[PDB]
Amino acid sequence: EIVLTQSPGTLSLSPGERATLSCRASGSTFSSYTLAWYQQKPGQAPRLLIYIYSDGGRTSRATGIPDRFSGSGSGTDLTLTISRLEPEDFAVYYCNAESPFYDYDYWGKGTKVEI
């Protein structure tokens with residue numbers, strides 16, 4: 001198994017401020033997975049933001065993303081950084097690791113980012 005730990009648990013910030021979230025992998029971090037940050041605006045489907053290959057080495061942003069989203073780490077530690085909160089960025093943010101073969105898919109517990 002793998003454990004993901006999102007940190008922080010909540011975030012009470014306000015427009016313009018910076019937000020830095022981080023996902024920690026532990027357990028069998030020496031397999032192949034993809035570590036991804038997803039955003040989930042309420043009432044909407046998750047959205048891939050950034051991701052990185054567990055064993056393969058640079059991060060990528062998804063298609064159609066503003067610059068306010070950045071990723072940094074090796075792939076046992078993704079950090080999503082939204083630099084300057086715009087209004088709609090107040091959402092719930094999740095990370096998962098996923099085997100390319102889908103024999104394992106693990107999700108964090110969530111990081112709520114509100115005002």
# chains A, B, ... in the order shown; residues from 1 in each chain; ligands from 1
>>> residues_around(residues="range 50-63 of chain A", least_positions_apart="6", cutoff="8 Å", atoms="only C-alpha atoms", output="JSON, numbers by chain")
{"A": [29, 30, 31, 32, 33, 34, 35, 36, 37, 38, 69, 70, 71, 72, 73, 74, 75, 76, 78, 80]}
>>> write_last_selection(atoms="N, CA, C and O atoms", output="compact mmCIF listing (two decimals), in the first residue's frame")
# COMPACT_ATOMS: atom_id res chain seq x y z
N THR A 29 6.67 3.69 -2.01
CA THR A 29 6.90 4.87 -2.89
C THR A 29 7.87 4.52 -4.02
O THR A 29 8.08 5.37 -4.89
N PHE A 30 8.48 3.34 -3.98
CA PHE A 30 9.40 2.85 -5.01
C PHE A 30 8.73 1.95 -6.05
O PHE A 30 9.42 1.13 -6.66
N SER A 31 7.45 2.20 -6.31
CA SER A 31 6.76 1.52 -7.44
C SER A 31 6.60 2.60 -8.50
O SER A 31 7.31 3.61 -8.41
N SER A 32 5.77 2.39 -9.51
CA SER A 32 5.48 3.50 -10.40
C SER A 32 4.07 3.98 -10.11
O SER A 32 3.14 3.17 -9.98
N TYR A 33 3.92 5.28 -9.97
CA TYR A 33 2.62 5.89 -9.85
C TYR A 33 2.76 7.27 -10.46
O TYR A 33 3.83 7.66 -10.90
N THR A 34 1.65 7.97 -10.57
CA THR A 34 1.62 9.37 -10.94
C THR A 34 1.01 10.12 -9.78
O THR A 34 -0.08 9.78 -9.32
N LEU A 35 1.71 11.13 -9.32
CA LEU A 35 1.24 11.93 -8.22
C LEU A 35 0.61 13.18 -8.83
O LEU A 35 1.26 13.92 -9.56
N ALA A 36 -0.67 13.37 -8.56
CA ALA A 36 -1.42 14.41 -9.24
C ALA A 36 -2.09 15.31 -8.21
O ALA A 36 -2.49 14.85 -7.14
N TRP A 37 -2.21 16.59 -8.54
CA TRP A 37 -3.10 17.49 -7.81
C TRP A 37 -4.36 17.76 -8.65
O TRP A 37 -4.27 18.11 -9.83
N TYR A 38 -5.52 17.55 -8.03
CA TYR A 38 -6.82 17.82 -8.60
C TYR A 38 -7.50 18.92 -7.83
O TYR A 38 -7.41 18.98 -6.59
N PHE A 69 -0.75 28.25 -10.96
CA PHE A 69 -0.60 26.91 -10.43
C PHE A 69 0.78 26.38 -10.76
O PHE A 69 1.23 26.42 -11.92
N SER A 70 1.45 25.87 -9.74
CA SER A 70 2.81 25.40 -9.93
C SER A 70 3.02 24.15 -9.10
O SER A 70 2.31 23.87 -8.13
N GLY A 71 4.00 23.37 -9.54
CA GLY A 71 4.34 22.14 -8.87
C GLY A 71 5.84 22.01 -8.75
O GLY A 71 6.61 22.67 -9.46
N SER A 72 6.17 21.35 -7.65
CA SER A 72 7.59 21.25 -7.29
C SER A 72 7.78 20.04 -6.40
O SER A 72 7.08 19.91 -5.40
N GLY A 73 8.73 19.20 -6.76
CA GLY A 73 9.03 17.99 -6.02
C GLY A 73 9.60 16.92 -6.92
O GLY A 73 9.83 17.12 -8.12
N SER A 74 9.84 15.77 -6.30
CA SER A 74 10.41 14.66 -7.04
C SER A 74 9.36 13.62 -7.36
O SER A 74 9.54 12.83 -8.30
N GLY A 75 8.23 13.63 -6.66
CA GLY A 75 7.25 12.60 -6.86
C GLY A 75 7.12 11.63 -5.72
O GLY A 75 6.45 10.61 -5.87
N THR A 76 7.75 11.89 -4.60
CA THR A 76 7.15 11.41 -3.37
C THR A 76 6.67 12.59 -2.56
O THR A 76 6.04 12.39 -1.52
N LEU A 78 4.87 16.03 -4.04
CA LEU A 78 4.30 17.17 -4.74
C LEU A 78 3.80 18.27 -3.83
O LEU A 78 3.16 18.03 -2.80
N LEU A 80 1.61 21.66 -4.64
CA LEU A 80 0.83 22.57 -5.45
C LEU A 80 0.91 23.92 -4.77
O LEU A 80 0.75 24.02 -3.55
>>> closest_atom_pairs(of="range 14-75 of chain A", to="range 6-9 of chain A", cutoff="9 Å", atoms="only C-alpha atoms", output="JSON lines")
{"residue": "A:20", "atom": "CA", "partner": "A:8", "partner_atom": "CA", "distance": 8.6}
{"residue": "A:21", "atom": "CA", "partner": "A:7", "partner_atom": "CA", "distance": 6.0}
{"residue": "A:22", "atom": "CA", "partner": "A:7", "partner_atom": "CA", "distance": 5.5}
{"residue": "A:23", "atom": "CA", "partner": "A:6", "partner_atom": "CA", "distance": 4.6}
{"residue": "A:24", "atom": "CA", "partner": "A:6", "partner_atom": "CA", "distance": 6.5}
>>> atom_distance(atom1="CA of residue 4 in chain A", atom2="CA of residue 107 in chain A")
6.9 Å
>>> residues_around(residues="residue 28 in chain A", least_positions_apart="3", cutoff="9 Å", atoms="only C-alpha atoms", output="list in words")
residues 1, 2, 3, 25 and 31 of chain A
>>> write_last_selection(atoms="N, CA, C and O atoms", output="PDB file, in the first residue's frame")
ATOM      1  N   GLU A   1       0.806  -1.220   0.000  1.00  0.00           N
ATOM      2  CA  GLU A   1       0.000   0.000   0.000  1.00  0.00           C
ATOM      3  C   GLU A   1       0.851   1.287   0.000  1.00  0.00           C
ATOM      4  O   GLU A   1       2.064   1.248   0.217  1.00  0.00           O
ATOM      5  N   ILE A   2       0.198   2.414  -0.291  1.00  0.00           N
ATOM      6  CA  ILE A   2       0.785   3.748  -0.241  1.00  0.00           C
ATOM      7  C   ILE A   2      -0.122   4.621   0.610  1.00  0.00           C
ATOM      8  O   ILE A   2      -1.354   4.505   0.545  1.00  0.00           O
ATOM      9  N   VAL A   3       0.480   5.509   1.396  1.00  0.00           N
ATOM     10  CA  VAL A   3      -0.261   6.537   2.108  1.00  0.00           C
ATOM     11  C   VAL A   3       0.065   7.879   1.490  1.00  0.00           C
ATOM     12  O   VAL A   3       1.234   8.182   1.211  1.00  0.00           O
ATOM     13  N   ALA A  25       3.969  10.986  -0.098  1.00  0.00           N
ATOM     14  CA  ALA A  25       3.802   9.559  -0.334  1.00  0.00           C
ATOM     15  C   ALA A  25       4.702   8.775   0.611  1.00  0.00           C
ATOM     16  O   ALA A  25       5.746   9.267   1.042  1.00  0.00           O
ATOM     17  N   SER A  31       7.447   2.195  -6.314  1.00  0.00           N
ATOM     18  CA  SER A  31       6.757   1.520  -7.443  1.00  0.00           C
ATOM     19  C   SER A  31       6.601   2.600  -8.499  1.00  0.00           C
ATOM     20  O   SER A  31       7.306   3.612  -8.407  1.00  0.00           O
TER      21      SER A  31
END
>>> closest_residue(among="A:106, A:41, A:13, A:112", to="residue 27 in chain A", atoms="only C-alpha atoms")
A:106
>>> closest_residue(among="A:85, A:19, A:48, A:91", to="residue 110 in chain A", atoms="only C-alpha atoms")
A:91
>>> closest_residue(among="A:108, A:45, A:68, A:84", to="residue 14 in chain A", atoms="only C-alpha atoms")
A:84
>>> atom_distance(atom1="CA of residue 104 in chain A", atom2="CA of residue 89 in chain A")
29.0 Å
>>> atom_distance(atom1="CA of residue 26 in chain A", atom2="CA of residue 82 in chain A")
24.3 Å
>>> closest_residue(among="A:115, A:101, A:92, A:109", to="residue 39 in chain A", atoms="only C-alpha atoms")
A:92
>>> decode(residues="range 19-46 of chain A", atoms="N, CA, C and O atoms", output="mmCIF file, in the first residue's frame")
data_model
loop_
_atom_site.group_PDB
_atom_site.id
_atom_site.type_symbol
_atom_site.label_atom_id
_atom_site.label_comp_id
_atom_site.auth_asym_id
_atom_site.auth_seq_id
_atom_site.Cartn_x
_atom_site.Cartn_y
_atom_site.Cartn_z
ATOM 1 N N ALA A 19 -1.219 30.286 -1.420
ATOM 2 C CA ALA A 19 -1.577 28.993 -0.852
ATOM 3 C C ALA A 19 -0.594 27.943 -1.337
ATOM 4 O O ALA A 19 -0.313 27.852 -2.538
ATOM 5 N N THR A 20 -0.068 27.163 -0.402
ATOM 6 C CA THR A 20 0.920 26.139 -0.710
ATOM 7 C C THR A 20 0.493 24.833 -0.060
ATOM 8 O O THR A 20 0.500 24.714 1.171
ATOM 9 N N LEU A 21 0.131 23.854 -0.889
ATOM 10 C CA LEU A 21 -0.312 22.556 -0.415
ATOM 11 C C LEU A 21 0.687 21.493 -0.842
ATOM 12 O O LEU A 21 1.349 21.608 -1.875
ATOM 13 N N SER A 22 0.738 20.423 -0.075
ATOM 14 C CA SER A 22 1.789 19.458 -0.286
ATOM 15 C C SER A 22 1.289 18.052 0.007
ATOM 16 O O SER A 22 0.626 17.807 1.021
ATOM 17 N N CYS A 23 1.648 17.134 -0.880
ATOM 18 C CA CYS A 23 1.210 15.757 -0.791
ATOM 19 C C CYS A 23 2.431 14.875 -0.558
ATOM 20 O O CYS A 23 3.439 15.001 -1.264
ATOM 21 N N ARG A 24 2.333 14.002 0.446
ATOM 22 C CA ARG A 24 3.413 13.128 0.875
ATOM 23 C C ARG A 24 3.072 11.683 0.591
ATOM 24 O O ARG A 24 2.024 11.199 1.026
ATOM 25 N N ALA A 25 3.969 10.986 -0.098
ATOM 26 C CA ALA A 25 3.802 9.559 -0.334
ATOM 27 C C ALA A 25 4.702 8.775 0.611
ATOM 28 O O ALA A 25 5.746 9.267 1.042
ATOM 29 N N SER A 26 4.207 7.599 0.993
ATOM 30 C CA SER A 26 4.914 6.757 1.975
ATOM 31 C C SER A 26 4.361 5.343 1.891
ATOM 32 O O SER A 26 3.154 5.211 1.709
ATOM 33 N N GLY A 27 5.203 4.326 2.056
ATOM 34 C CA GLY A 27 4.712 2.937 2.082
ATOM 35 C C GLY A 27 5.395 2.117 1.022
ATOM 36 O O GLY A 27 6.302 1.360 1.364
ATOM 37 N N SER A 28 4.953 2.242 -0.218
ATOM 38 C CA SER A 28 5.655 1.573 -1.336
ATOM 39 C C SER A 28 5.934 2.649 -2.384
ATOM 40 O O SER A 28 5.506 2.474 -3.529
ATOM 41 N N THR A 29 6.675 3.691 -2.006
ATOM 42 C CA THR A 29 6.902 4.868 -2.888
ATOM 43 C C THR A 29 7.871 4.519 -4.018
ATOM 44 O O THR A 29 8.077 5.374 -4.893
ATOM 45 N N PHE A 30 8.481 3.343 -3.982
ATOM 46 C CA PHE A 30 9.400 2.853 -5.007
ATOM 47 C C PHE A 30 8.732 1.952 -6.047
ATOM 48 O O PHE A 30 9.418 1.127 -6.664
ATOM 49 N N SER A 31 7.447 2.195 -6.314
ATOM 50 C CA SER A 31 6.757 1.520 -7.443
ATOM 51 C C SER A 31 6.601 2.600 -8.499
ATOM 52 O O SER A 31 7.306 3.612 -8.407
ATOM 53 N N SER A 32 5.774 2.389 -9.508
ATOM 54 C CA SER A 32 5.483 3.503 -10.397
ATOM 55 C C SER A 32 4.066 3.976 -10.113
ATOM 56 O O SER A 32 3.138 3.170 -9.976
ATOM 57 N N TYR A 33 3.918 5.278 -9.972
ATOM 58 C CA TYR A 33 2.624 5.889 -9.851
ATOM 59 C C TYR A 33 2.760 7.270 -10.456
ATOM 60 O O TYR A 33 3.830 7.658 -10.902
ATOM 61 N N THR A 34 1.647 7.967 -10.565
ATOM 62 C CA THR A 34 1.623 9.367 -10.936
ATOM 63 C C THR A 34 1.012 10.122 -9.783
ATOM 64 O O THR A 34 -0.078 9.779 -9.317
ATOM 65 N N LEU A 35 1.708 11.132 -9.324
ATOM 66 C CA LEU A 35 1.239 11.934 -8.224
ATOM 67 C C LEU A 35 0.607 13.176 -8.825
ATOM 68 O O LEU A 35 1.263 13.921 -9.557
ATOM 69 N N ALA A 36 -0.668 13.374 -8.561
ATOM 70 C CA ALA A 36 -1.420 14.411 -9.236
ATOM 71 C C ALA A 36 -2.095 15.307 -8.214
ATOM 72 O O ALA A 36 -2.494 14.849 -7.144
ATOM 73 N N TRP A 37 -2.210 16.588 -8.539
ATOM 74 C CA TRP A 37 -3.100 17.492 -7.814
ATOM 75 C C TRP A 37 -4.356 17.756 -8.650
ATOM 76 O O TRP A 37 -4.267 18.111 -9.834
ATOM 77 N N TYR A 38 -5.516 17.547 -8.027
ATOM 78 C CA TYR A 38 -6.824 17.816 -8.602
ATOM 79 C C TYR A 38 -7.504 18.920 -7.826
ATOM 80 O O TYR A 38 -7.407 18.981 -6.594
ATOM 81 N N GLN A 39 -8.226 19.762 -8.531
ATOM 82 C CA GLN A 39 -9.073 20.773 -7.914
ATOM 83 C C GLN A 39 -10.524 20.350 -8.055
ATOM 84 O O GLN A 39 -10.891 19.758 -9.069
ATOM 85 N N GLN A 40 -11.358 20.636 -7.053
ATOM 86 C CA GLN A 40 -12.768 20.284 -7.210
ATOM 87 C C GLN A 40 -13.693 21.412 -6.786
ATOM 88 O O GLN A 40 -14.161 21.454 -5.642
ATOM 89 N N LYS A 41 -14.040 22.266 -7.732
ATOM 90 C CA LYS A 41 -15.004 23.284 -7.394
ATOM 91 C C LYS A 41 -16.329 22.638 -7.022
ATOM 92 O O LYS A 41 -16.713 21.630 -7.608
ATOM 93 N N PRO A 42 -17.036 23.188 -6.033
ATOM 94 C CA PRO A 42 -18.252 22.520 -5.535
ATOM 95 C C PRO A 42 -19.280 22.335 -6.634
ATOM 96 O O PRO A 42 -19.440 23.185 -7.517
ATOM 97 N N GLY A 43 -19.966 21.193 -6.567
ATOM 98 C CA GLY A 43 -20.888 20.773 -7.594
ATOM 99 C C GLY A 43 -20.260 20.404 -8.914
ATOM 100 O O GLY A 43 -20.996 20.169 -9.879
ATOM 101 N N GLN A 44 -18.935 20.322 -8.995
ATOM 102 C CA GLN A 44 -18.254 20.036 -10.251
ATOM 103 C C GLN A 44 -17.318 18.838 -10.096
ATOM 104 O O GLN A 44 -16.987 18.417 -8.985
ATOM 105 N N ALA A 45 -16.907 18.286 -11.248
ATOM 106 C CA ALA A 45 -16.016 17.155 -11.394
ATOM 107 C C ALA A 45 -14.593 17.581 -11.131
ATOM 108 O O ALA A 45 -14.228 18.713 -11.431
ATOM 109 N N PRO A 46 -13.766 16.679 -10.611
ATOM 110 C CA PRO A 46 -12.364 17.014 -10.374
ATOM 111 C C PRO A 46 -11.675 17.487 -11.641
ATOM 112 O O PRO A 46 -12.124 17.245 -12.754
#
